Amino acid sequence: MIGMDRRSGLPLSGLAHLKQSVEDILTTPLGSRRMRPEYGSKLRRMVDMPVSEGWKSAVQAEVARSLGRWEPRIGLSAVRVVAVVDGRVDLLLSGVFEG
Amino acid sequence: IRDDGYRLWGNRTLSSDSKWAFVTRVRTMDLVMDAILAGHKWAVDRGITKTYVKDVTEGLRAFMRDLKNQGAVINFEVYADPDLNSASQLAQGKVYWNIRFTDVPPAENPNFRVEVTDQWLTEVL
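Chains as they are written, first to last, in the working numbering: chain A, 54 to 152; chain B, 9 to 133.
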């Protein structure tokens, strides 16, 4: 499938379109889209919550829901905390490719 | 201090002497002696034998080891006064002992030295 890039307008198809397809899921909140209320992630609700070991398993369980809806060509493997600086947690979104 | 008359807050007596500041040291010195002077209604107007001094200074120790047992004092020493006890003092009924002990200080100031580190942040991975 051939789509266009979000910035700079260039049509990119293979796997750069795959990565921006995921980051339109993860950063859109629910109900922000027009006439598509069941689109996006609850990750903005997980913004600025304390990083516990139940916060990690609630992000894995919510990325898997939101990518399971509107990204069928990605099989999610794991989400892991790899570093912590002040506020900035960072997550290695790893997943196999299907489709 | 706390709500509706919940606590009392004073450890220290009105004392210009720094030794007798706390209420506990003033009470312990006044309430280990009636715990001894009762239990020693004897050893007064009895009659001084040869081992009279020894048989009561082993009875002062026995009535002080139970005070260490119930946590009233920390380690003590009870011994007869060697230089004040003399033959001229026996003729007027005067005999002397040394009941030097110590007491538990009340923890009026528990200090907690505390910071927020970032040491166990690698536990969150």
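Think of the CB as a built atom: it goes at the ideal place given N, C-alpha and C, for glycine as much as any other residue.
Please report the Cβ distance between residue i and residue j, rounded to the nearest whole angstrom; I am assuming they are in contact, meaning their Cβ atoms lie under 8 Å.
{"i": "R126/A", "j": "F150/A", "result": "7 Å"}
{"i": "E124/A", "j": "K95/A", "result": "Incorrect: roughly 15 Å between the Cβ atoms, too far for contact."}
{"i": "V64/B", "j": "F109/B", "result": "Rounded, the Cβ-Cβ distance is 17 Å, inconsistent with contact."}
{"i": "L92/B", "j": "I56/B", "result": "About 15 Å separates the two Cβ atoms, so there is no contact after all."}
From the options, pick the residue whose C-alpha is nearest to that of residue i; which is it?
{"i": "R98/A", "options": "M88/A, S105/A, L83/A, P90/A", "result": "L83/A"}
{"i": "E66/B", "options": "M37/B, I107/B, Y14/B, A99/B", "result": "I107/B"}
{"i": "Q78/B", "options": "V112/B, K62/B, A51/B", "result": "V112/B"}
{"i": "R69/B", "options": "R10/B, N83/B, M37/B", "result": "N83/B"}
Helix, strand or coil for residue i per DSSP?
{"i": "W50/B", "result": "coil"}
{"i": "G18/B", "result": "coil"}
{"i": "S130/A", "result": "strand"}
{"i": "residue 175/A", "result": "Outside the shown range of chain A, which is 54 to 152, sits residue 175/A, and nothing can be said about it."}
{"i": "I82/B", "result": "strand"}
{"i": "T65/B", "result": "helix"}
{"i": "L83/A", "result": "coil"}
{"i": "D25/B", "result": "coil"}
{"i": "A99/B", "result": "coil"}
{"i": "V116/A", "result": "helix"}
{"i": "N93/B", "result": "coil"}
Taking C-beta pairs closer than 9 Å, name the residues in chain B that residue i reaches, listed in chain order.
{"i": "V137/A", "result": "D126, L129, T130, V132, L133"}
Residues of chain B with CB closer than 8 Å to the CB of residue i, please, in chain order.
{"i": "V134/A", "result": "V132, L133"}
### Query
What residues in the segment 98-129 of chain B have a beta carbon less than 7 Å from any beta carbon of chain A?
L129
### Query
Which of the residues in the segment 104-123 of chain A, read from start to end, lie with their CB under 7 Å from any CB of chain B?
For the segment 104-123 of chain A, which is checked against every Cβ of chain B, the residues closer than 7 Å are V104.
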